[PDB]
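Let's start with one chain on its own, the form solved without ligand SAH, as C-alpha cells.
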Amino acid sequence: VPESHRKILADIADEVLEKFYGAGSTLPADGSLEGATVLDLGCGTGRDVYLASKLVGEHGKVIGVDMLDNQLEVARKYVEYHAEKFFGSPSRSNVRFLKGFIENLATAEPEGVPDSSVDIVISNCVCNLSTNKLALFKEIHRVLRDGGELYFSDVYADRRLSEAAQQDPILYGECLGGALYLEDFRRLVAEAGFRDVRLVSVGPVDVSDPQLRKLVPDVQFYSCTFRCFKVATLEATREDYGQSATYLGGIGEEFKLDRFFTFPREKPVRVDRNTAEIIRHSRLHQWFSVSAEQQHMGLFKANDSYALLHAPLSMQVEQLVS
C-alpha cells in the first residue's frame, strides 16, 4: 500500500476492508486524480472506490460496478459514512455503486454509464473471468472520454495456452486459464480502439502445483499494469516529429508516464508524437509543456531503450522483469 494511501485506508470503514475481495486497483499518481471521474470495474465492497473518492476531491466523481449483490449492499450502505469522513457532511458523496455486468455498463442499475463520461477506468484481475474480452474492451472505450485512460492490472501469458488448460477449473478460478498471450491482448485491445498500450509495471506469477503446471508446462505468466489512452490522434507506430515535453511540477518531484518515459521537473525530454498527444489531450496537459510538431523525422529513436519501445509487448515485459 502506497504511503499516501495509508491514512485514508485507516479512515475507510472496517467492514469495507474486511469483506473486500481481491487485490486493490492501482491508481495513477495521486495528484493527477484531482477532479477526475474514475470508474472501478469489479468494485467489491468499495475499498478502491472510497480511496479514489478522497483522492479525486469533491469536484471529482467515482463509480463502482459489480454483479455481487452481496458486496454492493455493503458498498452502498457506507456512502454517507464516507462523505462525512472525507467531506464533512453525510450528503456530499461523490460516489455511486451500480449493479451490472462489466461487459455492459450502459444497462447497469439504477443508471448506466454514458458514452464519453469517464476519465480513468481502473480494475484488477477482471478480464480472465470475462465472457467476452472484446466486448469488455469496447465498453471501456465507449465510456471513456477523449484523453481518458484505462489504467489496469491483469494476468497475461508469454504464449497461447492449450485447450486443455483453458478448460481446467482450478486454472480458470486462479485467473490463469483465461489469460491472453500478450500479443493477442495487444491485437484485441487495438480492435477495441486502443492503439497504444503502455507498460507501467510487471510482476511474475507462478504456478507451483506440478499437476496444474503440467497443463501449462513452460508458460510464463505475469501480472501487468498497462495504461491505454483513448486519444483520437494516436497511430499504431511511434513517430518522431521533433517534439519535447517538460513536466512543470505539481504532482510529484518527477512524473513517470510509463517504463520508457520519466519526466523530471523542468527538464525537457524528447518524445514521439503518440506520447506528445497523450500528454496534450489527457488531463496530464495541466502539468506539462509540449513543444509543437516539426517535420516528420522517421521512427522515434531519442530514448535510451528505443529498440524495446518499438518491440512487441512480450519483449518489453520480459526485459522489465530481467
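All residue numbers refer to positions in the sequence shown, first residue = 1.
If you look for the form deposited with ligand SAH bound, you will not find it shown, but the lines that follow are about it.
- Taking the pose of ligand SAH in the entry with it bound and superimposing the nearby C-alphas onto this chain, the site is blocked, with at least three ligand atoms within 2.4 Å of backbone or C-beta atoms.
- Every member of the trio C43, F101 and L129 reaches ligand SAH in the entry with it bound with some non-hydrogen atom inside 4.5 Å.
- Heavy atoms of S93 never reach within 4.5 Å of ligand SAH in the entry with it bound, leaving it off the interface.
- Although the partner is absent here, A29 sits far enough away that none of its heavy atoms falls within 4.5 Å of ligand SAH in the entry with it bound.
- Using a 4.5 angstroms limit between non-hydrogen atoms, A292 is distant from ligand SAH in the entry with it bound.
- Taking the partner from the other structure, ligand SAH in the entry with it bound has a heavy atom within 4.5 Å of a heavy atom of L68.
- Proximity to ligand SAH in the entry with it bound, defined as a heavy atom within 4.5 Å, singles out one entry of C125, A135, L188, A108, which is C125.
- Shown alone, this chain has one stretch from 93-101, 232-240, 112-120, 245-253 that lies within 4.5 Å of ligand SAH in the entry with it bound by heavy atoms: 93-101.
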